């Protein structure tokens, strides 16, 4: 399927690569400041309706990176010294280039990005930031109706711009038709998933790249006591993935 990739061009360093729950959060708060809670409700409805945003991922110029699907971790076996060494390095890699991502989905051979377009500095005194390489930033995907992108996602992203500046392009990801799918977003699962890495925030999220079988994820609204019922985004951004038997 084809999607809208929101590209964040940074005006200096970033604290973290924002993931879907904190992206929706940021967009939610931005909409409440522009169009009141009425619009936030129309946004949650649109998203519950079938609309999805991915977590943020690195881009370097004209290269779109995507999370390594956990589908491959078991199948890596499918020279001893080369085999052990390669397997560990592929295991360690957290991202694959789009070209190679589309391969890993079909359990065909693929290669890793050599240098990743960011490096976590940690200035002491301590805490750390993220230094972005030249013409390298972060992006996230939106699948849904355009009138929801134009009405909410787009204006919110500009508002949040004012540390970064925003442009968006059309993007295509060839993904095999399958019973199984990868999430491109951290998700609060409904059903027990196939393969996953947990993520602690308190909430228990499945990480990006984790594999689910027909699981849309869910949203959660809770009364913190902050006067407006806050929504936590936990919907799955599914792309079909071929699996090895076992």
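Positions refer to the first chain, counted from 1.
K.L.:
Check whether residue 9 has no coordinates in at least a third of the other compared PDB entries of this protein, counting only entries that model residues on both sides of it.
P.N.:
No, residue 9 is modelled in every other compared entry.
K.L.:
Is it the case that, in at least a third of the other entries compared (those modelling both flanking residues), residue 19 has no coordinates?
P.N.:
Modelled in all the others, so no.
K.L.:
Neighbours in the displayed sequence, residue 162 and residue 163 may still hide a gap; how many deposited residues lack coordinates there, none, 1 to 3, 4 to 9, or 10 or more?
P.N.:
Going from residue 162 to residue 163, the model skips 10 or more residues of the deposited sequence.
K.L.:
Looking at the entry, does 88-96 or 143-151 show the higher mean C-alpha B-factor?
P.N.:
Result of the comparison: 88-96.
K.L.:
Please compare 111-119 with 169-177 and name the stretch with the higher mean C-alpha B-factor in the deposited structure.
P.N.:
Between 111-119 and 169-177, it is 111-119.
K.L.:
Among all modelled residues of this chain, ranked by Cα B factor, put residue 36 in the bottom, middle or top third, i.e. lowest, middle or highest.
P.N.:
Ranked within chain, residue 36 CA B lands in the highest tercile.
K.L.:
Quick one: classify residue 222 as lowest, middle or highest third of the chain based on its Cα B-factor.
P.N.:
According to the entry, residue 222 has a C-alpha B-factor in the chain's highest third.
K.L.:
Taking only the Cα B-factors deposited for this chain, tell me whether residue 138 sits in the lowest, middle or highest third.
P.N.:
For residue 138, whose C-alpha B-factor we compare with every modelled residue in the chain, the answer is the lowest third.
K.L.:
Ranking every modelled residue in this chain by its Cα temperature factor as given in the entry, which third contains residue 240?
P.N.:
Its C-alpha B-factor belongs to the lowest third of this chain's values.
K.L.:
Test of reading the entry: by CA B factor among the chain's modelled residues, which third contains residue 10?
P.N.:
Its C-alpha B-factor, which the entry lists for residue 10, ranks in the middle third among residues of this chain.
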